[PDB]
Ligand SMILES: [Cl-]
């Protein structure tokens, strides 16, 4: 049965005047494996994946600023805020070379950092990641009205801020198997009060859809161009029907990206880690040794 516990001792680092929480397990040296969650999750999303990798490699899984057990500074929580704080977290941990394991907005952060640090990135494992969405017709129909509403003035803030839609609707909607109450309560803990929910609303308002917002669209196109030209080792996990990465997109990536291994995880929507953590973790562990020449 999929584990609901979070058996990781807390670690904190002060950056830019705020504390960020992170998981840090495994050996203390070697190339670390940096796990980056997205919306509306935290390092809790990686709880059943990390134990597959920790016997062989250091595993570092930060909570993005304003999320998980990290501090809640008074920010807009725009994408560039998350870039700045994750850059400061990576710096404070002294990371030189890394393997990235990334999802959702954690993948936009990770691919943007990799583009800027191409000689530091030794591998990227990614799943249900951020890519330019050409129009609303390439957003899944069953979640279209909701995400259009999230991006509608006033309505979206009411849904996400006042009524906590990203936690109470989207999270269970985007896992195939049923979440348990214990798992929901872990996810709910950082957002029990509405003044804590700004990151949750800003993220869907940053999604690059039909050119907008233009700055994120440009940034995501840039790192996808980098990815298509980079020889870095790559590992993609995909499910069916998927959400950001449907099977047709997984196939396009299998054809286009260099040095790519793909793993089909079975039924999956967006939070693939909650549907098949053990295959994701075991396959990451099996893929890592070849990154060490
Ligand atoms: Cl989002």
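Each position is counted from 1, following the chain as shown.
Structure determined by X-ray crystallography, 1.5 Å.
Using the three backbone atoms N, Cα and C, a Cβ is placed for every residue, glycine included.
Residues within less than 8 Å, Cβ to Cβ, of residue 104 (active site, nucleophile) and separated from it by at least 6 positions along the same chain comprise 37, 38, 39, 41, 128, 129, 130, 244, 270. Residues or ranges marked as active site, nucleophile by Swiss-Prot on the basis of similarity to another entry: 104.
The annotation active site, proton donor is assigned in Swiss-Prot to 128.
DSSP assigns residue 270 (active site, proton acceptor) to coil in the three-state reduction, outside any helix or strand. Marked as active site, proton acceptor by Swiss-Prot: 270.
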DSSP-derived structure type at residue 128 (active site, proton donor), helix or strand or else coil: strand
